[PDB]
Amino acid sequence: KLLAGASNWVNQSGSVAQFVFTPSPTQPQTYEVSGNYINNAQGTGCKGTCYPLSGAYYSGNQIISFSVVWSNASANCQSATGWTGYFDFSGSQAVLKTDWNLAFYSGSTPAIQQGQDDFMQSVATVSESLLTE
C-alpha cells in the first residue's frame, strides 16, 4: 500500500528517485508526485545533482508517471525525460519498473530517444556519525 513520507528508489545505473506523495483534491486514489532525481547513468550529462521531478501516482493499482527537465543550477542538458510504470511491493524487496522517453535536439533537429529503467526501494542507511560507520 503505503511508502508515504519520503521514499528512496535506486535503479540499475545507480540513479536515485526520492518520492513525496500528496493526495489530489479532485482525483480519487491519486497523488501528486514530487521529490528529487539524481542521474548516475554512465553515458549521460546532468549526473550527480538534484533535479525536481513532477508527476502523478494512482494508488489503486500502484501505477506512476513522472517527469524531470534536465535543467538545474549545476547543469543543463536541454532535454526532458518522462517515466511511466508500476510498483510491486511483494516479498523481501519492493520494485518499480518503468518505460522512459527523452525529448532532445541534435541539430535544429528535434528527436525523442526511448528506453526502460527498473528502480528498487532502499531504506536510509544509518551511520554512527557523518565521520564513521
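Sequential numbering from 1, following the sequence displayed.
Higher mean CA temperature factor, per the PDB entry, when comparing 24-32 with 103-111: 103-111. Judged by mean Cα B factor in the deposited record, 82-90 ranks above the other of 82-90 and 69-77. Among all modelled residues in its chain, residue 52 ranks in the lowest third by Cα B-factor. Annotation for residue 40: C-alpha temperature factor in the middle third relative to the rest of the modelled chain, per the entry. For residue 9, the recorded CA B-factor ranks within the lowest third of the chain. Only modelled residues enter the ranking. Sort the chain's modelled residues by C-alpha temperature factor and residue 95 lands in the middle third, per the entry. Per the PDB record, residue ranking by Cα B-factor puts residue 116 in the middle third of the chain.
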